[PDB]
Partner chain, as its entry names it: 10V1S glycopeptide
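Encoded as C-alpha cells, the following chain is the form solved without its partner chain, with no partner shown.
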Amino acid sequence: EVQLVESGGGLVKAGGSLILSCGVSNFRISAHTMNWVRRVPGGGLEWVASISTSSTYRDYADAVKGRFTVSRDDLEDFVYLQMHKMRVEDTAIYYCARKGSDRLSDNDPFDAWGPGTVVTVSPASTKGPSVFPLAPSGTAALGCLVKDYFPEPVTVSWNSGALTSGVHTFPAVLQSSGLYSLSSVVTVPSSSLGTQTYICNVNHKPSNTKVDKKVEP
C-alpha cells in the first residue's frame, strides 16, 4: 500500500538544471532517511544522495557532490533533488527510495522505491543559428531571420557596423522546440537596392559561430 512517486524529469541540455520531487502515500517520511538512486543505460544502479531524519546529514555520490542538493519537507512529505551543471552521464531513471519501514533500526536497506522518472541530458550545451535572408520587395525593408540557436544571445550588425540607422533587432522568441529565434530588420532608401549591398553579421559566441548573409532582391 506504501508508495512513492517522482515528478519532474525530462530533457536537459548539458550544463542545464532540473529539479525532481518525490511525494509518498500511506506512510509519513519524517522517521526515515530518504534517498535518490538512478539506473543508468548500461543497467546498473548508482546511489545519488541521502538525507537523514531532520536533515541532520546530507550525503552525495562523488560524481554529483557539489552539483546536486537533496532537501526534505516532513510536514507535507516531499523530498527534492536539485541537479545543476548536468552532464551526459547524469542520464538515467531516477528513483526516490525510503530506508527502513515499520522495521526501523540503526541501518536498514531501501525497503520501498518509486517507479522512477526519466532524465535525459543531451550532449550539446549550445547550437548555432541558421540565417535566412528577409528579401526586400520611398523606403524599403529587408532583414535576416536568425533561427534555431541556443542559448541566448545572438548579435546582429549590418555591413559590419557601418549601418546602424533604421535597424531594429527584435527580442528572441523561444520556439516550442526549445530553440530561440529572432529577426533583425533595417529600412533603406529603395533606390539604393540595385546598388548598395546589405550583409547582416550574425554572431553567436556560445557556439563560437559567425555567419554573414548577403540579402538581395
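Residue numbers count along the first chain shown, from 1.
The form deposited with its partner chain bound exists for this protein as well; it is not shown, and the discussion that follows is about that form.
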**Contact check for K65, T69 and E76 against its partner chain in the bound PDB entry, heavy atom at 4.5 Å** = yes
**Asked** Heavy atoms within 4.5 Å of its partner chain in the bound PDB entry: does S192 have any?
**Response** no
**Prompt:** Is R87 one of the residues lying within 4.5 Å of its partner chain in the bound PDB entry, judged by heavy atom distances?
**Reply:** no
**Contact test in the bound PDB entry: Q82 vs its partner chain, heavy atoms, 4.5 Å** = yes
**Prompt:** Counting only non-hydrogen atoms and a 4.5 angstroms cut-off, does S30 reach its partner chain in the bound PDB entry?
**Reply:** no
